[PDB]
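Residue numbers (the authors' numbering), protein chains in the order written: chain 36, 32 to 210; chain w, 20 to 71; chain 39, 42 to 268; chain 37, 31 to 206; chain 40, 29 to 183.
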Amino acid sequence: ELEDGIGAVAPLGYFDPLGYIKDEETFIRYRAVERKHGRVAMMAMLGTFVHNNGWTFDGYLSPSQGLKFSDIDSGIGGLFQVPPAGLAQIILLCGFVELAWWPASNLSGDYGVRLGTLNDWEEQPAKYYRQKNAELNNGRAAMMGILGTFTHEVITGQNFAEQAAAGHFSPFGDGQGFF
Amino acid sequence: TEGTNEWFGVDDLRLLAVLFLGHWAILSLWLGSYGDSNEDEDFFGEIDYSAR
Amino acid sequence: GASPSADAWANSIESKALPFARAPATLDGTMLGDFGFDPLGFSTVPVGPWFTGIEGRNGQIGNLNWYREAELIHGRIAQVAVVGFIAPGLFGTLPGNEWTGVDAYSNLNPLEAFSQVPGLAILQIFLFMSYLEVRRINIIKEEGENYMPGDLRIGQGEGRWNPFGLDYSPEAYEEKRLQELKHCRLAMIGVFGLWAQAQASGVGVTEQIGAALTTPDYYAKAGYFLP
Amino acid sequence: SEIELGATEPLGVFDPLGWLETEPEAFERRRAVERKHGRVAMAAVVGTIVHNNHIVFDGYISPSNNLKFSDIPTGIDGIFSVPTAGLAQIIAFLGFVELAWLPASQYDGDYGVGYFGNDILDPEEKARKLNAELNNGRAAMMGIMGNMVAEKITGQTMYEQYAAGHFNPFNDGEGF
Amino acid sequence: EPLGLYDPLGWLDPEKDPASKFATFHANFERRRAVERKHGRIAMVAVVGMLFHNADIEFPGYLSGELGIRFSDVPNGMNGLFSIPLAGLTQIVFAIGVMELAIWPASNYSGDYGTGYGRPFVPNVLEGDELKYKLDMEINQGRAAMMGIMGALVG
Ligand code: CLA
Ligand code: CLA
Ligand code: CLA
Ligand SMILES: CCCCCCCCCCCCCCCC(=O)OC[C@H](CO[C@@H]1O[C@H](CS(=O)(=O)O)[C@@H](O)[C@H](O)[C@H]1O)OC(=O)CCCCCCCCCCCCCCC
Ligand SMILES: CC(=O)O[C@H]1CC(C)(C)C(=C=C/C(C)=C/C=C/C(C)=C/C=C/C=C(C)/C=C/C=C(\C)C(=O)C[C@@]23O[C@]2(C)C[C@@H](O)CC3(C)C)[C@](C)(O)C1
Ligand SMILES: CC(=O)O[C@H]1CC(C)(C)C(=C=C/C(C)=C/C=C/C(C)=C/C=C/C=C(C)/C=C/C=C(\C)C(=O)C[C@@]23O[C@]2(C)C[C@@H](O)CC3(C)C)[C@](C)(O)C1
Ligand SMILES: CC(=O)O[C@H]1CC(C)(C)C(=C=C\C(C)=C/C=C/C(C)=C/C=C/C=C(C)/C=C/C=C(/C)C(=O)C[C@@]23O[C@]2(C)C[C@@H](O)CC3(C)C)[C@](C)(O)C1
Ligand code: KC1
Ligand code: KC1
Ligand code: KC1
Ligand SMILES: CC1=C(C#C/C(C)=C/C=C/C(C)=C/C=C/C=C(C)/C=C/C=C(C)/C=C/[C@@]23O[C@]2(C)C[C@@H](O)CC3(C)C)C(C)(C)C[C@H](O)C1
């Protein structure tokens, strides 16, 4: 919300530098998207932290196709390694949350998820502002991290485990790009 | 050696020195009239009659 | 209703650096070196001195003294790091003991010369860079709101350190401020290219320019065999 | 307030140099230095237990240098055995934490996060945990200094010394 | 104004009172015109799709360099999109997803995204009766392509 100053944190303040908020109704649409994109991209960043660390389940993801958990790539192509009969299950459960349980039509972003004494907002309202800003700020940093993780695999061809094993962290002197 | 591909015929660095010193000498005289001349003074003719 | 920066793009004066792009209203003209260059609108969202604590984290409206503070010593460091990227390759290097190891100070690639010199060399450089930043913070704790950006109390005016006299006239002093700022912005671009070429070539810049400003060994004329 | 915390039961307000009555203007920075030196030493003491218990991560901290995490010594020489480009990455991030995230020019030490996130509602339950941070912080200052001089005097790290049973300083070969 | 009831020359049967029974959002006429126009526009670029693939305009080059799949390898029948890698088909309907929400948002039931008719980069604005006339031709050729696909995909 604008009046509490939820997204405006202390390094930059009200960081709308290109002038996109020209009234109050288009802020609530944009914050509903920013908070939703931040919640998706945070679980996307914890995915790449877990996948590129090699932490896999034991057994077969698809035993009728013989596809182990170990032979899914930890990079940007690992989701499509998965058989489409299997990730139709992912789209159908996540689509059921998006329409019924956590309806993404709710622009407020509240879905009542309260983990009680870890947020007693009625007796410490400063913890409300701390946890509301940190949901956006960790979502904004993970939105740029997953755009980092995606394009670093595209321009190098290696995933994050492979380009860190090679020490390939500089776009200069390598055989890739015109630099 | 005359058929060799030298820049301005400079095969010894004596010749490079007198090219610089000759060109900088008339430059230094020319800067006595056109040094200390303002860069932002423009005109809207085909020809300028600024100063001496 | 509207953003505080959407109203700075509503006034949106004519620019000079980007004369097709209509610089925002927060570049008032009253700052040194403002040429109307803010296409991303950072001056519309001004920063405060966050390092002084939480009460200094907010930035006051229309005050770019901390953006200019970060601009000035990004450029002051960058200026002295052009020479640091160049002068070991030009004026030779320093010798080493058996303690530091011989050829420790001799790596003409400037980036792996960081990883070749001893750690006590870097630690004492970092602590000297630390000491003048302690001197900076102590100036910004005294001056506060009357703190001029880039002031380490070195030079001409009030009770500053002036071992050279340096007693400029009061508007040849603002030309020196503009000469400093234009060299700050230029050497920031220059030290980026030095850092990027040292990675891309693997050698120093005198060692890449000097190899390109020389004729190749297969192209070199045998030369001057006429008696 | 802050001038009565740090003063617990067995000593009261303990200032043998008398700088509370002499220089009260310098106290709240000197409290901030005491709290920061405490919090640094508490992570430093806990670190020496974890290092000397041979809890290492895996692999190489610097594969160019061919230097594993277990190749780091567990004593004084451990943070200086880390390569110069690696040590510069720690200090650059710790300067980002100590100037931007937890700015140490803020002298009340209060950075938005509470005690496990919560603000201590009760004002003397707050003062009890404010004293427990200071007292554990003051005890860890002597703990990390007592671990640093006792390594460089006995010549062995804390695992080395404890392996050897070099606990009694009166029947070994030392001074006195 | 492309949402009028006067384009497609009239008329057909049901008017579908089952639509307003318990799913009353789908009973709106403006969406059914927006669906018929959108099903028409997709169908029209699908017949040219089965004209270009079936004439073996295969492509110059590889489709996937690391799977080793050239463009001549994918079939020409209706199993074309289900024979490319799913890492590639994901990029296709990701880009349609930016089209479906950001660029040409399908919540805009008018279908007019400010493009004109025949001219890219600058819209050819049609003005009068010919504007009126080209709208029903879009629907009428959209309808012939909708029935042409189910005649070209059963056999
Ligand atoms: C999901 C995307 C998204 C959306 C809808 C928003 C929306 C908002 N942000 Mg947030 N933000 C985001 C991601 C997003 N943000 C990310 C990833 C960061 C980290 C860089 C931030 C950092 C940030 C800060 C620090 C602040 C905001 C604030 C705001 C609010 C102010 C209006 C504004 O600037 O809109 C943005 C304009 C648009 C979304 C429309 C333009 C769309 C562009 C053209 C798409 C092109 C993007 C390009 C492909 C990739 C960009 C990354 C690239 C530079 C590498 C608004 C609610 C302010 C606030 O909340 O104040 C109360 C505020 O202080 N944002
Ligand atoms: C360097 C960290 C540090 C700092 C800045 C302080 C500062 C303070 N202490 Mg604390 N304290 C510390 C560590 C520190 N202490 C340690 C390590 C212990 C023992 C574990 C204590 C035990 C203690 C008690 C019981 C009390 C205080 C109190 C105070 C306050 C008294 C006001 C004053 O001016 O005292 C005098 C000035 C100082 C203490 C600053 C130190 C300056 C000298 C030069 C340091 C020299 C020490 C010496 C070199 C150490 C050699 C041994 C070492 C190498 C192992 C002041 C805020 C009182 C308080 O909390 O007030 C309500 C109080 O009751 N201190
Ligand atoms: C933070 C708390 C702390 C704790 C729990 C310890 C614990 C220890 N220290 Mg450490 N140490 C500390 C802080 C601490 N130290 C500090 C702040 C310093 C100075 C910076 C030191 C400097 C130090 C040295 C140089 C040595 C130790 C040693 C030890 C071990 C003690 C063995 C012993 O017999 O001590 C002896 C008991 C005392 C020192 C306390 C009595 C104090 C009186 C004044 C001594 C009087 C002796 C005298 C001859 C009279 C004896 C009479 C008696 C026989 C009846 C023990 C593990 C020894 C070791 O090798 O293990 C690592 C050792 O050589 N410590
Ligand atoms: C309302 C409903 C909402 C539903 C939302 C559901 C969304 C589901 C999540 C979608 C996540 C996003 C997927 C992105 C696609 C991707 O990952 O590619 C997967 C492949 C992986 O390849 C890989 O490459 C690897 C090669 S190597 O091993 O690394 O060498 C290899 O290992 C691997 O097998 C191979 O697969 O990556 C690439 O091909 C790089 C693609 C580059 C970017 C594509 C751009 C997409 C087009 C949009 C452009 C803008 C459009 C606007 C203009 C019209
Ligand atoms: C955002 C942020 O930053 O944090 C957030 C999140 C978080 C972390 C959840 C929160 C919390 C709670 C925290 C941090 C709790 C941690 C407290 C801590 C770390 C307390 C150490 C005490 C050590 C002592 C007393 C040493 C004694 C002295 C000893 C043990 C010695 O004698 C050393 C020794 O070598 C010798 C000298 C002699 C030997 O005989 C013994 C040995 C060998 C051992 C916060 C802080 O609320 C806010
Ligand atoms: C060199 C190398 O390799 O390393 C070596 C080094 C070294 C040092 C040699 C090693 C060792 C041996 C060590 C250190 C052994 C230490 C063992 C240890 C620490 C043993 C604690 C006992 C406490 C008890 C039983 C408490 C009873 C408590 C009771 C009955 C109570 O009621 C307590 C109470 O609080 C309550 C619960 C209830 C209250 O109402 C009442 C009170 C307050 C009274 C190792 C392992 O060999 C490794
Ligand atoms: C069952 C199975 O096998 O599944 C397989 C196969 C399959 C189906 C192929 C796969 C897929 C892909 C799927 C399912 C979904 C992707 C979905 C989607 C929807 C992707 C777009 C998001 C919109 C973006 C990025 C940009 C907006 C960007 C902008 C700039 C704007 O909005 C512009 C705007 O705001 C301003 C700036 C200004 C104003 O004038 C207003 C507007 C609004 C115009 C899977 C799931 O991977 C695997
Ligand atoms: C921003 C992302 C990022 C990248 C991409 C990255 C990469 C590398 N890190 Mg770094 N790093 C951080 C961030 C990043 N690091 C952070 C947040 C911290 C906590 C403060 C941190 C700590 C250390 C320490 C102690 C060392 C270290 C190293 C390397 C080196 C390993 C390859 C090699 O050395 O062969 C590669 C290039 C070692 C080193 O520099 O050795 C000379 C080393 O000792 N890192
Ligand atoms: C933003 C720039 C961009 C890059 C840099 C890029 C890169 C790659 N594309 Mg992608 N792509 C688009 C954008 C980009 N792609 C767009 C706008 C579309 C139209 C919607 C699109 C469509 C497809 C299809 C159908 C396929 C495809 C592929 C690859 C793959 C080569 C794999 C290889 O080298 O073996 C590399 C990484 C193939 C594939 O992913 O196979 C596993 C594949 O079948 N692309
Ligand atoms: C309600 C109980 C339930 C049953 C009884 C069941 C059964 C199977 N699932 Mg499972 N599933 C969920 C629930 C159930 N699934 C849920 C809540 C999710 C998260 C949304 C989920 C996700 C995936 C993914 C990613 C894959 C997957 C698969 C299979 C397949 C294994 C044998 C096979 O290989 O056919 C058998 C039929 C794999 C697959 O379909 O491979 C073609 C595959 O990759 N599933
Ligand atoms: C009016 C009413 C009637 C009605 C009706 C009628 C006709 C309704 C209309 C139905 C209409 C809606 C039917 C169009 C489908 C076409 C859509 C766009 C999908 C195309 C599918 C495209 C994506 C095709 C793609 C491919 O081909 C391509 C490009 C390449 C190949 O490698 C593979 C694939 C498959 C990817 C009643 C009810 C019957 C009774 C009474 O008479 C009155």
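For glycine and all other residues, C-beta sits at the position ideal for the given N, C-alpha and C.
Close-in-space but distant-in-sequence residues of the same chain around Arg117 (chain 39) (CB under 7 Å, 5 per side omitted): Locating residue 117 (chain 39) in the third sequence gives position 76, where the first residue counts as 1. Excluding residues within five positions, the ones whose Cβ falls inside 7 Å are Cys225.
Considering only DSSP beta bridges, list what residue 15 (chain 40) is partnered with. Given a span of 29 to 183 for chain 40 in the structure shown, any question on residue 15 (chain 40) remains unanswerable.
Residue range of the beta strand (DSSP E) that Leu41 (chain 37) falls in? As a position in the fourth sequence, residue 41 (chain 37) is number 11, starting the count at 1. For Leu41 (chain 37), there is no enclosing beta strand (DSSP E), as DSSP marks it with neither H nor E.
Between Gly108 (chain 36) and chain 40, is there a C-beta pair that is closer than 8 Å? The residue you call residue 108 (chain 36) lines up with position 77 of the first sequence. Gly108 (chain 36) has a beta carbon lying within less than 8 Å of a beta carbon in chain 40.
Please determine, among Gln120 (chain 36), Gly85 (chain 36), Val71 (chain 36), the residue with the shortest C-alpha to C-alpha distance to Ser93 (chain 36). Locating residue 93 (chain 36) in the first sequence gives position 62, counting from the first residue. That would be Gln120 (chain 36), whose Cα lies nearest to the Cα of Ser93 (chain 36).
Would you call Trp39 (chain 40) buried or exposed, if buried means 16 or more other Cβ atoms sit within 10 Å of its Cβ? Here the question's residue 39 (chain 40) lines up with position 11 in the fifth sequence. The residue in question, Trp39 (chain 40), is exposed, as its Cβ has fewer than 16 Cβ neighbours within 10 Å.
Going by C-alpha distance, which of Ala145 (chain 39), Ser156 (chain 39), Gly100 (chain 39), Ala261 (chain 39) is nearest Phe46 (chain 36)? Numbered from its first residue, the first sequence carries residue 46 (chain 36) at position 15. That would be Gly100 (chain 39), whose Cα lies nearest to the Cα of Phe46 (chain 36).
Do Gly36 (chain 36) and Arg62 (chain 36) have their CB atoms nearer than 8 Å? Counting from one through the first sequence, the residue named residue 36 (chain 36) turns up at place 5. Counting from one through the first sequence, the residue named residue 62 (chain 36) turns up at place 31. Not a contact, by the Cβ cut-off of 8 Å.
By a C-beta neighbour count over all protein chains shown, 10 Å radius and 16 as the cutoff for buried, is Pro257 (chain 39) buried or exposed? Numbered from 1 along the third sequence, position 216 holds the residue referred to as residue 257 (chain 39). Exposed, since its Cβ has fewer than 16 Cβ neighbours within 10 Å.
Please state the DSSP three-state secondary structure of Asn148 (chain 37). As a working note, residue 148 (chain 37) is residue 118 in the fourth sequence. Here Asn148 (chain 37) sits in strand by DSSP.
Ligand 8 heavy atom lying under 7 Å from the CB of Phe200 (chain 36): As a working note, residue 200 (chain 36) is residue 169 in the first sequence. At a cut-off of 7 Å, the beta-carbon of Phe200 (chain 36) counts as near ligand 8: some heavy atom of the ligand is closer than that.
Would a C-beta distance cut-off of 8 Å place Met72 (chain 40) and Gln169 (chain 40) closer than the cut-off? One-based indexing of the fifth sequence puts residue 72 (chain 40) at position 44. One-based indexing of the fifth sequence puts residue 169 (chain 40) at position 141. Yes, these two residues count as a Cβ contact at 8 Å.
First through last residue of the beta strand (DSSP E) which encompasses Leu92 (chain 36): Stepping through the first sequence from its first residue, residue 92 (chain 36) is reached at position 61. That run of the beta strand (DSSP E) goes 91-93.
Is any heavy atom in ligand 2 found nearer than 7 Å to the beta carbon of residue 3 (chain 37)? This structure cannot settle anything about residue 3 (chain 37), because the visible part of chain 37 is limited to 31 through 206.
Strictly below 8 Å CB to CB, what residues from chain 39 border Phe110 (chain 37)? As a working mapping, residue 110 (chain 37) is identified with position 80 in the fourth sequence. Neighbours of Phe110 (chain 37) across chain 39, judged by C-beta separation under 8 Å: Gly160.
Cβ closer than 8 Å: which chain 36 residues qualify as neighbours of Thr85 (chain 39)? Numbered from 1 along the third sequence, position 44 holds the residue referred to as residue 85 (chain 39). In chain order: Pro48, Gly50.
With 8 Å as the limit, tell me which residues of the region 143-177 of chain 37 have their beta carbon closer than that to any beta carbon of chain 36; keep them in chain order. Cβ contacts with chain 36 come from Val143, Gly144, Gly147, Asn148, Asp149, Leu151.
Using a Cβ-Cβ cutoff of less than 7 Å, which residues in the same chain neighbour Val232 (chain 39) once the five nearest sequence positions on both sides are dropped? Taking the first residue of the third sequence as position 1, residue 232 (chain 39) is located at position 191. Answer for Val232 (chain 39): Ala119, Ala122, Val123, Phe126, listed in chain order.
Tell me which residues of the region 84-103 of chain 37 have at least one Cβ-Cβ distance to chain 36 shorter than 9 Å, keeping chain order. So the close ones are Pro93, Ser94.
Between which two residues does the alpha helix (DSSP H) containing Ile122 (chain 36) stretch? The residue you call residue 122 (chain 36) lines up with position 91 of the first sequence. Bounds of the alpha helix (DSSP H) holding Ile122 (chain 36) are 115-127.
Exposed or buried, what is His84 (chain 37) when buried is set at 16 or more other beta-carbons lying within 10 Å of its beta-carbon? Position 54 of the fourth sequence, counted from the start, is the residue given in the question as residue 84 (chain 37). Counting other Cβ atoms within 10 Å of its Cβ, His84 (chain 37) stays below 16 and is therefore classed as exposed.
Under DSSP, the alpha helix (DSSP H) around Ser47 (chain w) begins and ends at which residues? Position 28 of the second sequence, counted from the start, is the residue given in the question as residue 47 (chain w). First-last of the alpha helix (DSSP H) with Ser47 (chain w): 32-53.
Residues bridged to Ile97 (chain 40) (per DSSP): For the purposes of this step, residue 97 (chain 40) is identified with residue 69 of the fifth sequence, where counting begins at 1. Bridge partners of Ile97 (chain 40): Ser92 (chain 40).
Closest Cα partner of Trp131 (chain 37) within the set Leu193 (chain 39), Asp79 (chain 39), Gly243 (chain 39), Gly94 (chain 39): Start at 1 with the first residue of the fourth sequence, and residue 131 (chain 37) comes out as number 101. In this structure, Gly94 (chain 39) is the residue among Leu193 (chain 39), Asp79 (chain 39), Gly243 (chain 39), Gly94 (chain 39) with its C-alpha nearest to the C-alpha of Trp131 (chain 37).
Could you tell me which of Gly203 (chain 37), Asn177 (chain 37), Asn198 (chain 37) sits nearest to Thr78 (chain 37), measuring between CA atoms? Here residue 78 (chain 37) corresponds to residue number 48 of the fourth sequence, with the count starting at 1. Here the closest residue by C-alpha is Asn177 (chain 37).
Measuring alpha carbon to alpha carbon, tell me which of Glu154 (chain 36), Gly69 (chain 36), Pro115 (chain 36) ends up nearest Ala172 (chain 36). Locating residue 172 (chain 36) in the first sequence gives position 141, where the first residue counts as 1. Nearest option by C-alpha distance: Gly69 (chain 36).
Starting from the C-beta of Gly22 (chain w), find all residues in its chain whose C-beta is less than 7 Å away, skip the five residues before and the five after it, and write them out in chain order. Locating residue 22 (chain w) in the second sequence gives position 3, counting from the first residue. Closer than 7 Å at Cβ, skipping near neighbours: no residue.
Residue environment, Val86 (chain 39), which counts as buried when at least 16 other CB atoms sit within 10 Å: If you number the third sequence from 1, residue 86 (chain 39) lands on position 45. With 16 or more Cβ atoms within 10 Å of its Cβ, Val86 (chain 39) is classed as buried.
Show which residues of chain 36 have a CB atom less than 7 Å away from the CB atom of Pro36 (chain 40). Locating residue 36 (chain 40) in the fifth sequence gives position 8, counting from the first residue. Listed along the chain, the chain 36 residues whose CB falls inside 7 Å of the CB of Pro36 (chain 40) amount to none; the nearest CB is some 33 Å away.
Run the proximity test for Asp47 (chain 36): is its beta-carbon closer than 7 Å to any non-hydrogen atom belonging to ligand 1? The residue given as residue 47 (chain 36) occupies position 16 in the first sequence. For ligand 1, at least one heavy atom lies less than 7 Å from the Cβ of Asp47 (chain 36).
Going by Cα to Cα distance, which pick from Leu47 (chain 37), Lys66 (chain 37), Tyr137 (chain 37), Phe110 (chain 37) is closest to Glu58 (chain 37)? As a position in the fourth sequence, residue 58 (chain 37) is number 28, starting the count at 1. Nearest option by C-alpha distance: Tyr137 (chain 37).
For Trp91 (chain 39), does the count of other Cβ atoms within 10 angstroms reach 16, so buried, or fall short, so exposed? In the third sequence, residue 91 (chain 39) corresponds to position 50, counting from 1. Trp91 (chain 39) should be labelled buried.
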